[PDB]
């Protein structure tokens, strides 16, 4: 069901949380080789999460589930804010700009924590 597809998407989201927190520790410790690998892992995870979310939104639309479509439109919009910040973080790492990396890292954390009430709302709506 679309509901079980959303639980699979939620797990991929939690995997990115886990890797992101490990990556933050590596960044603080100056282990740039680890950071590079974690950033590649996160890009793959976000790409997967984004695709699963789009399929869920498209299905909710085909089902006529108006409330779920509303919430998923809002949620995917916030997802893109996170993605833009993530991409900027990756660029800051490439450029050696640790000040911007720190800034983007904190912003991505706050964007992500803010989106969690909506994430739970969607599970109930599907």
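Think of the rigid core as the biggest set of C-alphas that the two forms share within 1.5 Å after superposition. Positions refer to the first chain, counted from 1.
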Quick one: core-superposed, which stretch strays further from the shown model in 9 other deposited structures of this protein, 99-107 or 113-121? Go by RMS C-alpha distance.
113-121
Between 97-105 and 53-61, name whichever shows the higher mean Cα B factor according to the PDB entry.
97-105
For the stretches 116-124 and 2-10, which has the higher mean C-alpha B-factor as given in the deposited record?
116-124
Where does the C-alpha B-factor of residue 111 rank in its chain, lowest, middle or highest third?
highest
